[PDB]
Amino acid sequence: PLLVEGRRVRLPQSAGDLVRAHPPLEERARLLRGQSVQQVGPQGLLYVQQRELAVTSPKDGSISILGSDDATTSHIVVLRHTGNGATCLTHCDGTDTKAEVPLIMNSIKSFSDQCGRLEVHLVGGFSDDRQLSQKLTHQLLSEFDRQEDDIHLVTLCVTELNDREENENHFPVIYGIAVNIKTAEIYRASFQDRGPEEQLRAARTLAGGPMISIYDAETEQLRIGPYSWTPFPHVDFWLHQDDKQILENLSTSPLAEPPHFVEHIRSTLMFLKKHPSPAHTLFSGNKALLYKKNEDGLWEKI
């Protein structure tokens, strides 16, 4: 079940009421919101895109920080087993929470090496008029509570707790966070370097791919692929609409996206028309694009 201050969380319940009734949750939200956004470099960084999963442990000599950004209606979820330090960061967008939460639990439960407990952290979203952030909170908290293992909710800064306003337009306060694998510290972060195959991985998400695990902790390898998707519908119609038309239909929050969001969409849409059948083309021998950290902490092809 899902525990807070040692007691089971009653559902359904808004995260605002849950945070208001438990001082440790309220304190954590105040600290996280009051932080300045840290510009995290690429050294030892494993950036997690939307609808992606990454899990590692402090025994990893290549990954120091897991991070994700550009969360408007989605939620960044961090599951950590204290003691052994097995840490999993996912960027959930409400596509299939019934299957994504077991993916998070199995990524951590596979680490056998009593000591410590399971702690979960939920950050992201705002008071969007489509209610996508509130439904993701309801879904994530419900499926974590259905697990048989005791999961202790430590961080909860979602929806109305993560909402700011600027001339009657609402948008998130925290767009992204980073987690230090060794010290378990979570903080607001921005990422200028977001790893290799960004457009290929963004196209896989735009085409409708499910949540995937992108990192193999044993070999310390970033494995990208092989991917296969159906041709995106009307790629040239969407590529020729104006920036307002693209935000209203291809984004979940047309007025809350970070700047240059339409630049990223058009780049992603051009990739899908460039590669409608990518399985046999971008992956030679049906093998994944494997990357490893090098001496300077940057991803390099192997």
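Residue positions are given as counts along the sequence shown, with the first one as 1.
A.B. asks: Counting only residues that lack coordinates, how big is the gap in the deposited sequence between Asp149 and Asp150? Pick none, 1 to 3, 4 to 9 or 10 or more.
C.D. replies: The entry has no unmodelled residues between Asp149 and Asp150.
A.B. asks: Got a sec? Mean C-alpha B-factor, which is higher, 150-158 or 223-231?
C.D. replies: Higher of the two, by average CA B-factor, is 223-231.
A.B. asks: Read off the CA B-factors in the entry, average them over 72-80 and over 90-98, and name the higher stretch.
C.D. replies: It is 90-98.
A.B. asks: Going by the entry, which of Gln241, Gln50, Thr252, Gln43 has the most elevated CA B factor?
C.D. replies: Comparing C-alpha B-factors across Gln241, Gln50, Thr252, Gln43, the top value belongs to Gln241.
A.B. asks: In this PDB entry, which of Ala184, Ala217, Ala189, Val173 has the top CA B-factor?
C.D. replies: Result of the comparison over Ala184, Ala217, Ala189, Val173: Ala217.
A.B. asks: Test of reading the entry: by CA B factor among the chain's modelled residues, which third contains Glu27?
C.D. replies: Answer is lowest: the recorded C-alpha B-factor places it there.
A.B. asks: What third of its chain, lowest, middle or highest, does the C-alpha temperature factor of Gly67 fall into?
C.D. replies: Lowest third, going by the recorded CA B-factors of the chain.
A.B. asks: Just say lowest, middle or highest third for the CA B-factor of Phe111 relative to the other modelled residues in its chain.
C.D. replies: Highest third, going by the recorded CA B-factors of the chain.
A.B. asks: Is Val9 in the lowest, middle or highest third of its chain when residues are ranked by C-alpha B-factor?
C.D. replies: Within its chain, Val9 is a middle-third residue by C-alpha B-factor, going by the deposited values.
A.B. asks: By its CA B factor, does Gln39 count among the lowest, middle or highest third of the modelled residues in the chain?
C.D. replies: Its C-alpha B-factor, which the entry lists for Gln39, ranks in the highest third among residues of this chain.
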